[PDB]
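Visitor: Sharing a structure below in C-alpha cells format, with a few things to ask.
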Amino acid sequence: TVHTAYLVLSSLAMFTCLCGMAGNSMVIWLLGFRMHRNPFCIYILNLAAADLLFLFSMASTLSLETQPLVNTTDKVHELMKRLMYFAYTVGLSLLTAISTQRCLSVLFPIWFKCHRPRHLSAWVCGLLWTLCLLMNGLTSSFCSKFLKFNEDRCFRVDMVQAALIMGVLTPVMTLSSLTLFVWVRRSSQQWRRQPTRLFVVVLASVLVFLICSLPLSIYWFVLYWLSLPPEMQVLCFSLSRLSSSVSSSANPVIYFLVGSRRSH
Ligand SMILES: CCCCCCCCCCCCCCCC(=O)O
Ligand SMILES: CCCCCCCCCCCCCCCC(=O)O
Ligand SMILES: CCCCCCCCCCCCCCCC(=O)O
Ligand SMILES: CCCCCCCCCCCCCCCC(=O)O
Ligand SMILES: CCCCCCCCCCCCCCCC(=O)O
Ligand SMILES: CCCCCCCCCCCCCCCC(=O)O
Ligand SMILES: CCCCCCCCCCCCCCCC(=O)O
C-alpha cells in the first residue's frame, strides 16, 4: 500500500544517505588540504562539503519524521528541511560550476592555463555559497510556518527559486557538457584514439544530474501550478528525495575516484 511504498522508499533514502556521508567524508579527508595544485579540486571539495551537508540534513529529517511533530520537534524539523534545501541548491550550483570549468578547460585551454586567476574557484564557490544562503533565507523567511509566513509571497519566492534553478542551472550545465562532448568527439577523437572514457563519464554525469537531482527541483514547481492529489504527493516526494540521495551519494564516485591522479 501507500505506507509500504513510503517506508521502503525512505529506508533506501536513509541507507544511501549514510553511504553518501561516508563517501563525502572520505573525499574531504583525502582531498581537504592536498591535491590543490589541480584547478579542479576546489570545486570538488566544496561539492563534497555541500553533499555531506545535504545528506546529513535529510538523514536527520528522515530520522525525526518517525517521531510525532507537535511541539518539541517540528521546529528543528523545519530548520533541517531548510538546511537540506540550501545544501541541495548549492550542490546544484557547484555541479554547474564544475561542468562549466571542464568545458572552459578545453574550449579555452590557454586562458585556463596561463590566464585563469589562481583563486577563481575559491571566490566562485564563495559567491555560490553566499547567493544560495541569501536565496534560502528568503524562501524560509517567506514560507516557513515559524517566520514571517505568507501565501502570496511563498509562491513568488518559489517561482523565483525554481525558475532560476531549472532555467539557468539546467541549460548552462547541459550545454557546457554537450559542448565539451562535441569538442572532444570532433577536434580530439578524430586524430588520435577516441576517448571513450571521457564520453562515458560526461554522459553519466549529465544523466545522473538530470534524472536524479532535477526531480527534487521540479517537485516544488509541480506542487504549485497544478492540483496534484494529496494521496500521491508523498510518493512524488519520496521519489525526489531518493533521486537526490542517489545523485549526492554517487557524486564522490564520479568526481573523485574518476578524477584521482595524485592518489596513484
Ligand atoms: C543567478 C545566477 C548567476 C550566475 C550563476 C552561474 C553559475 C555557473 C557559472 C559560474 C561557475 C563556473 C565558472 C567557471 C569556472 C572556471 O572555469 O574557473
Ligand atoms: C554573472 C554570471 C557569470 C559569472 C562568471 C564568473 C567567472 C567565470 C569564469 C570566467 C569565464 C570566462 C573565461 C574566459 C573566456 C575567454 O576569454 O575566452
Ligand atoms: C558559508 C560560506 C563560506 C563557504 C566556503 C567558502 C569557500 C571555501 C573554498 C575552499 C577553501 C578555500 C580555498 C582557497 C583556494 C586554495 O586554497 O587553493
Ligand atoms: C545561487 C542561486 C540564486 C541566486 C539569486 C539569489 C536571489 C534570488 C532572488 C530572491 C528573491 C527576490 C524576489 C523579489 C524581491 C523584490 O522584488 O523586492
Ligand atoms: C541573514 C542572512 C540570510 C538571510 C538573508 C535574506 C533576508 C532575510 C529576510 C527577508 C525578509 C525581510 C523582510 C521581512 C518583513 C517582515 O517582517 O514580515
Ligand atoms: C538564516 C536566516 C534567514 C533570515 C531570517 C531572518 C529573521 C526572520 C524573522 C524571524 C521571526 C521569528 C519570530 C516570529 C515568528 C512568527 O511571527 O511567526
Ligand atoms: C538555512 C536557512 C535557515 C533559515 C531559518 C529556518 C528557521 C526555521 C524555524 C526554526 C524554529 C524557529 C523558532 C522561533 C520562531 C517561532 O516561535 O516560531
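All chain A residue numbers match Swiss-Prot; in order, they span 22-285.
According to its header, the structure was obtained by electron microscopy, 3.1 Å.
Just so it is clear, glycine is given a Cβ too, placed from its N, Cα and C backbone atoms.
Per Swiss-Prot, transmembrane segment is recorded for 34-54, 60-80, 113-133, 143-163, 185-205, 219-239, 258-280, and the stated evidence type is sequence analysis. Swiss-Prot lists 55-59, 134-142, 206-218 with the feature topological domain 'Cytoplasmic'. The topological domain 'Extracellular' feature in Swiss-Prot is assigned to 81-112, 164-184, 240-257. What Swiss-Prot lists as N-linked glycosylation site is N92.
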Visitor: Top stretch among 60-80, 185-205, 219-239, 258-280 for CB pairs under 8 A with the transmembrane segment (143-163)?
Guide: 60-80
Visitor: Which bits of the chain, at least 6 residues beyond where the topological domain 'Extracellular' (164-184) starts or stops, bring a Cβ under 8 A of a Cβ in it?
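Guide: Sequence-remote neighbours of the topological domain 'Extracellular' (164-184) are 96, 99, 103, 110, 156, 238-239, 241-242, 245.
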Visitor: Among all the protein chains here, how many other CB atoms are within 10 A of the CB of the residue listed as 'N-linked glycosylation site'?
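Guide: That number is 7.
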Visitor: Let me know the DSSP-derived helix, strand or coil state of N92 (N-linked glycosylation site), please.
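Guide: Its secondary structure by DSSP: coil.
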Visitor: Looking only at the topological domain 'Cytoplasmic' (206-218), what are its DSSP counts of helix, strand and coil residues?
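Guide: Looking at the topological domain 'Cytoplasmic' (206-218) with DSSP, the answer is 6 helix, 0 strand, 7 coil.
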Visitor: Six or more residues out from either end of the topological domain 'Extracellular' (240-257), which same-chain residues have a Cβ under 8 Å from its Cβ atoms?
Guide: 23, 26-27, 30, 176, 179-180, 182-183, 187
